[PDB]
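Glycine also receives a Cβ, built like all others from the backbone with ideal geometry; neighbour counts cover every protein chain displayed. Values quoted throughout were computed directly from the atomic coordinates according to the rules given, and no laboratory measurement underlies them.
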Amino acid sequence: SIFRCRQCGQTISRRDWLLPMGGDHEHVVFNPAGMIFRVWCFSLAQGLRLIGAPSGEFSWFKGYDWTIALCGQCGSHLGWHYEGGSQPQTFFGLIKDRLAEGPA
Ligand SMILES: CC(C)=CC(=O)N[C@H]1CC(=O)NC1=O
Ligand SMILES: [Zn+2]
């Protein structure tokens, strides 16, 4: 079972790659613009384009800096890559409702 970009079908991640950060792969969070995201943490993802330099500002995950992750194919905002932390150093937080799940 794999996750594709809902807008264009780009291959992004797999159910096998889910990561229970702080005990749960799912985290419901809001940014400073008041947008709610249901974020699923993954150890790995592909097919993204990470934009800009990392920032710790308003990070939802203690110890991690984030970079915006777009679908590399269509440019849809799919979530964030997190880095600079520990155990693990890096991971992806993807917006669940921007993905489509289906057969490998
Ligand atoms: C431009 C956007 C859409 C930024 C954003 O929402 N950043 C998240 C990432 C994070 O961990 N905390 C935030 O506020
Ligand atoms: Zn896409």
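Which shape class, rounded, prolate or oblate, goes with segment 1-44 when its Cα gyration tensor gives a ≥ b ≥ c as root eigenvalues, a/c under 1.5 marks rounded, and past that a/b bigger than b/c marks prolate? Note, shape of segment 1-44 comes out oblate. Backbone geometry of segment 62-68 corresponds, through the Karplus equation with coefficients 6.51, -1.76 and 1.60 at θ = phi - 60°, to 3J(HN,Hα) couplings of 4, x, 10, 9, 10, 10, 5 Hz, x marking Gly and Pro. All other residues whose Cβ lies under 13 angstrom from that of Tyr64 are scored, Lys and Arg at +1 and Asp and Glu at -1, for a net of -2.
Contact order for the chain, expressed relative to its length and based on alpha carbon pairs under 8 Å spaced 6+ residues apart, stands at 30 percent.
Taking each residue as 0.36 nm, the span from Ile51 to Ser1 lengthens on full extension beyond its C-alpha to C-alpha distance by 15.3 nm. Calculated from the alpha-carbon coordinates, segment 31-76 shows an Rg and a Dmax of 11.6, 30 Å respectively.
Could you tell me which of rounded, prolate or oblate describes segment 12-104, using a ≥ b ≥ c as the square roots of the eigenvalues of the alpha-carbon gyration tensor, with rounded for a/c under 1.5 and, failing that, prolate when a/b is larger than b/c and oblate otherwise? Because its axes are fairly even, with a/c under 1.5, segment 12-104 counts as rounded.
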